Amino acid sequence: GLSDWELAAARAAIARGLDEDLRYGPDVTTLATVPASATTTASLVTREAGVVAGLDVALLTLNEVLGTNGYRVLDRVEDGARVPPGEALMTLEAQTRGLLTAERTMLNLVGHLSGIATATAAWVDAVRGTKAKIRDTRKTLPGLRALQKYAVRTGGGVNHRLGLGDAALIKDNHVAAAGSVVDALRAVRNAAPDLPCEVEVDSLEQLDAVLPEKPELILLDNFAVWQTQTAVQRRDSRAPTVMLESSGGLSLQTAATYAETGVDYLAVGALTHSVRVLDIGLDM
């Protein structure tokens, strides 16, 4: 499921999580109430409906606390599964002390990632019957980019760039510094001709100015729906190969409206910066 750098990202996050929990001493309450030889069957069950993501991270949290041979998975659901309230995402058998200590860290990761995949899916359903794909941004939390990114993919969106040197994206602050969108575009092309180039426009005027330069993608920043319609109309007639991406004034209520204008992508920051946790509990 997770790739190598995602897996490594997950391990680093679960380690930071456990360290936050354990740095003040051991789990005194678990140690005191449950014997070392105790063993139970527990299930991660959703208190609500949504799309599940990050189940492997649950397994990595246990590997860290109990060791690979410290637990047994009697059953599990697959990442990306649409799930109702009360559904058992995974049933385990493991040393009780290990589960009570690992509980919060593992639940915190799975609820966050599931919350993103559940949101992402909402957006994906909203623009169904359209050609628009939902994309994320770099408005991710430090240390969780690979995981948050993985989660939007699980819900059906498509990742944008993972970093700064990943692809070029000429922003308002660059244009300001370069003095002109076409100047900046030209500069980026000359410096990194092999790198994907996206140019951000703030108006129909700038839009007209960059279409002839034929950048890979144009990001329509904070365009009203009527302006997005015009943009697509101009792109379609003047530079059929330029992809258009809406970003800025996007809400789930307007997603379809923008998608219907014919844009190729909707870039949603909310997907990673304003996530509502999917409520999950560990039941014994």
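Just count from 1 along the sequence shown to find any residue number.
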Selected stretch [higher average CA B-factor]: 65-73 or 223-231:
65-73
Look up the CA B-factors in the entry and say which stretch, 201-209 or 130-138, has the higher mean.
201-209
Highest CA temperature factor in the entry: which of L169, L195, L144, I116?
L195
Listed options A177, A121, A151, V158: highest C-alpha B factor recorded at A177
CA B-factor ranking of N173, expressed as a third of its chain
highest
Relative to the other modelled residues in the chain, which third contains the C-alpha temperature factor of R97: lowest, middle or highest?
middle
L185 CA temperature factor, ranked by third within the chain:
highest
Splitting the chain's C-alpha B-factors into thirds, which one does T46 fall into?
lowest
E20 - which third its CA temperature factor falls in, relative to the rest of the chain
lowest
